[PDB]
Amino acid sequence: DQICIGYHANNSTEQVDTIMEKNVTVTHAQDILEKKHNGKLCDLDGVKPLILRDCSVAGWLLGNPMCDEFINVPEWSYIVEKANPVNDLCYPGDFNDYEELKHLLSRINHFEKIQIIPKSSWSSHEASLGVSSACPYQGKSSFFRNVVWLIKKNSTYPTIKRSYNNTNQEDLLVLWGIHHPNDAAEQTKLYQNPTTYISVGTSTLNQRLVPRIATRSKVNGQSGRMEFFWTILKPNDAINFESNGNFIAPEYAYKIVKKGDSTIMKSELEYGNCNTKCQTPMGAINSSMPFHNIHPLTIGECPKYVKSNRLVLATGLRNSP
């Protein structure tokens, strides 16, 4: 008669690593790395992202005519933008401090666009002739929808003195611009005056823009340049414009309302008609694992990203052959 001490074995095939030994077969193990996503861009927590597709944040905010899909967009959870969007800056130029703006946007879930200076508000200036074949809409020379390309009337550009006051309680993103012609005669044809300026002031802004003439390459069949500037106008603050030409004046500006958690994802993926609690630029994650190896940039309640191919904890004992 005989009694023995012993331990469990089973048919388990699961292996874990240790410092001294690799691929130790164990009776039980817990995998803690999520390796799977659904390869789709999905609504986050019910709330649909803003998917620009072709349009850039610039093409969207300035109101590129091909970006009409985004004239008025609802509260979004996150923004998706391609690597090299086609519909941005239709008329070539620059967007001043663009990245600082993109950054401001990452802490914003909802914009509400309101008219600040009406197009039919320019008594002394031609406001329906500021168009270009660089920005076509339905086959016809058009222009950025939210700004107005002011042009000479009866052969005069009177000094503009316009001023908007932010009576709204919500911060306001005001955008404007300046046109840089390519020679002396273009200045004459468009604005009459040969030397000009746009001065812009708020309680904290002290700006004076002066057009730079230079001969340059035809980007989009254009040698002229537009340069766009922005500010954030506080509540109870006023923005004062003064210009005698080259002025791209605000028509609309965005009230900043929601101020949500958010990111701009870079992805060449289109909307996937799904919902998730954790989204990556490659696809969404539905998992209870502590870690995942999908992509570093995520939004939501997410597992921690690591670079591993494999994370498995032993729970049972060395399984015997």
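Sequential numbering from 1, following the sequence displayed.
Just going by the entry, 160-168 versus 81-89 on mean CA temperature factor gives the higher value to 160-168.
For the pair 223-231 and 115-123, the record assigns the higher mean C-alpha temperature factor to 115-123. Ranked by C-alpha B-factor against the other modelled residues of its chain, residue 185 falls in the highest third. The deposited CA B-factor of residue 260 belongs to the highest third of values across its chain.
Annotation for residue 212: CA B-factor lies in the highest third of the chain's modelled residues. Remark: residue 75 belongs to the middle third of its chain, ranked by C-alpha B-factor as recorded. Among the modelled residues of its chain, residue 154 has a C-alpha B-factor that falls in the highest third according to the deposited record.
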